[PDB]
Amino acid sequence: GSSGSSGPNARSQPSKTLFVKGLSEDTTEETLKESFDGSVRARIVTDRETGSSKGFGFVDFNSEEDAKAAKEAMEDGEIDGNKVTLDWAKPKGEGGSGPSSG
């Protein structure tokens, strides 16, 4: 039962835009936006060869807070009958430099 967290629960501050991966080639920014009750806008990536929705985009929020609160909601949500994974749009680097012990 013991359940409870504080803050973003990460090393650095959270992101305002939520990364949504696992959409349907048809999934439009429209269905992606609504999916998150609170967001202000939505974006979807498209291929340059085929010119069709790759299957992932992003959801812009007024603030990291609103975004997070929306992430937990759609945490296990599925857009257009398809499971989607929400993750904080954050880079990585030239491989793996940053988080370490010694």
# chains A, B, ... in the order shown; residues from 1 in each chain; ligands from 1
call {"tool": "residues_around", "arguments": {"residues": "residue A:70", "least_positions_apart": "6", "cutoff": "8 Å", "atoms": "only C-alpha atoms", "output": "ChimeraX atom specification"}}
result
/A:36-39
call {"tool": "residues_around", "arguments": {"residues": "residue A:57", "least_positions_apart": "2", "cutoff": "8 Å", "atoms": "only C-alpha atoms", "output": "MDAnalysis selection string"}}
result
chainID A and resid 19:21 29 42:45 55 59
call {"tool": "select_by_dssp", "arguments": {"residues": "chain A", "states": "strand (DSSP E)", "output": "VMD selection string"}}
result
chain A and resid 18 to 21 41 to 46 53 to 60 78 to 79 82 to 83 85 to 88
call {"tool": "select_by_dssp", "arguments": {"residues": "chain A", "states": "alpha helix (DSSP H)", "output": "PyMOL selection string"}}
result
chain A and resi 29-34+64-74
call {"tool": "write_last_selection", "arguments": {"atoms": "C-alpha atoms", "output": "JSON list (two decimals), in the first residue's frame"}}
result
[["chain", "number", "residue", "atom", "x", "y", "z"],
["A", 29, "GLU", "CA", -2.67, 15.72, -33.76],
["A", 30, "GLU", "CA", -6.36, 16.25, -32.99],
["A", 31, "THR", "CA", -6.83, 12.90, -31.26],
["A", 32, "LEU", "CA", -3.38, 13.29, -29.70],
["A", 33, "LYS", "CA", -4.20, 16.66, -28.13],
["A", 34, "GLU", "CA", -7.55, 15.76, -26.58],
["A", 64, "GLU", "CA", 5.76, 21.11, -16.71],
["A", 65, "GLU", "CA", 3.22, 20.67, -13.92],
["A", 66, "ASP", "CA", 0.19, 20.46, -16.20],
["A", 67, "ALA", "CA", 2.17, 18.10, -18.43],
["A", 68, "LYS", "CA", 3.03, 15.70, -15.61],
["A", 69, "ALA", "CA", -0.50, 15.64, -14.20],
["A", 70, "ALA", "CA", -1.54, 14.68, -17.74],
["A", 71, "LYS", "CA", 1.17, 12.03, -18.08],
["A", 72, "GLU", "CA", -0.07, 10.01, -15.09],
["A", 73, "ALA", "CA", -3.59, 10.11, -16.53],
["A", 74, "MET", "CA", -2.60, 8.79, -19.96]]
call {"tool": "atom_distance", "arguments": {"atom1": "atom CA of residue A:60", "atom2": "atom CA of residue A:40"}}
result
6.2 Å
call {"tool": "atom_distance", "arguments": {"atom1": "atom CA of residue A:7", "atom2": "atom CA of residue A:63"}}
result
13.9 Å
call {"tool": "residues_around", "arguments": {"residues": "residue A:81", "least_positions_apart": "3", "cutoff": "10 Å", "atoms": "only C-alpha atoms", "output": "list in words"}}
result
residues 23, 24, 27, 77, 78 and 84 of chain A
call {"tool": "atom_distance", "arguments": {"atom1": "atom CA of residue A:25", "atom2": "atom CA of residue A:85"}}
result
15.5 Å
